[PDB]
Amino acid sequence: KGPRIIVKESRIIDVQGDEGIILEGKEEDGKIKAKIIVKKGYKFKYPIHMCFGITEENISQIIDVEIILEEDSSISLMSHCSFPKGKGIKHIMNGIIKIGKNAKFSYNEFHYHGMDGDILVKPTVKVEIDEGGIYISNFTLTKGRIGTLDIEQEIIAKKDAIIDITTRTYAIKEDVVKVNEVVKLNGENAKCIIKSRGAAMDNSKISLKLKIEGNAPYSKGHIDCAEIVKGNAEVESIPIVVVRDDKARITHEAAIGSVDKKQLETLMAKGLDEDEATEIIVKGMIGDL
């Protein structure tokens, strides 16, 4: 009923792949070894699923996956994580993504957690993009307590590639959010956008290190970071820009701290109080509205 990879606890429940989309999977050394292969020319309009459920205490869900997209192929992967018990959970994903000439990969991961913060979500994604390839990535963790989020991504792009990486987070209690993304525009005319949106409350700790290297002529990039601070939350925003070509151009923009005064005052001129207005802004920021 759809090319999906189901993982309940640290075991593979199902491994089904359709025509033109090879889905392999096995369990070795306590880790799950998956391999997704999108065949040359296959452009799938329906999204592939990857469900991860954890209800047992002290589970180490380690998954090593390799996603290969051949020339002119297309696929969208929708990862769903449901960790409601959250006592000793550890979801670790180590991925190697290889996007072929004029191929298109889109990844969307959504998390639904309970109110226990003993969860460690640790994705490491290495992405290699060939001439004309496209990579779209989205990580959303706005439901329940995050626990400790540790994202690491490194993308190497060739001629005419397009990269769009986004992160939406809602950190509460003693949540820790760590984001480290590097995009290297190593081919002519390769374009990138790294976007970060989020709200940090109570005693949360946010670190956002987002980087773009404009190493080739006509490579363009933009880093956009916005993070609301409420309570005793602490935020660190480190957006690095490296330029090694006189025909490359990268820009960045960030706003960190309290909500924009004009936004707040515009909503208060509608009759909303400061707390209702802030709540509207924060909900819109985290993708609730």
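We number the residues from 1 along the sequence you see.
A.B. asks: Which has the higher mean CA temperature factor in the PDB entry, 45 to 53 or 254 to 262?
C.D. replies: According to the PDB entry, the answer is 45 to 53.
A.B. asks: Would you determine, from the values in the PDB entry, which of 275 to 283 and 13 to 21 has the greater average C-alpha temperature factor?
C.D. replies: If you average the C-alpha B-factors of 13 to 21 and of 275 to 283, the larger mean comes out for 13 to 21.
A.B. asks: Can you tell me which of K35, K230, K247, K220 has the highest Cα temperature factor in the record?
C.D. replies: Among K35, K230, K247, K220, the highest C-alpha B-factor in the entry belongs to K35.
A.B. asks: For the C-alpha B-factor as written in the entry, point me to the maximum among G147, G187, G198, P84.
C.D. replies: Among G147, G187, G198, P84, the highest C-alpha B-factor in the entry belongs to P84.
A.B. asks: Of the three thirds of its chain by CA temperature factor, lowest, middle or highest, which one includes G88?
C.D. replies: According to the entry, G88 has a C-alpha B-factor in the chain's highest third.
A.B. asks: Pull the Cα B-factor of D130 out of the PDB entry and bin it into the chain's lowest, middle or highest third.
C.D. replies: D130: CA B-factor falls in the middle third of its chain.
A.B. asks: Which third, lowest, middle or highest, does the C-alpha temperature factor of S76 belong to within its own chain?
C.D. replies: Within its chain, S76 is a highest-third residue by C-alpha B-factor, going by the deposited values.
A.B. asks: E174: which third of its chain by C-alpha temperature factor?
C.D. replies: Middle third.
A.B. asks: Going by the entry, which third of its chain does the Cα temperature factor of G117 land in?
C.D. replies: According to the entry, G117 has a C-alpha B-factor in the chain's highest third.
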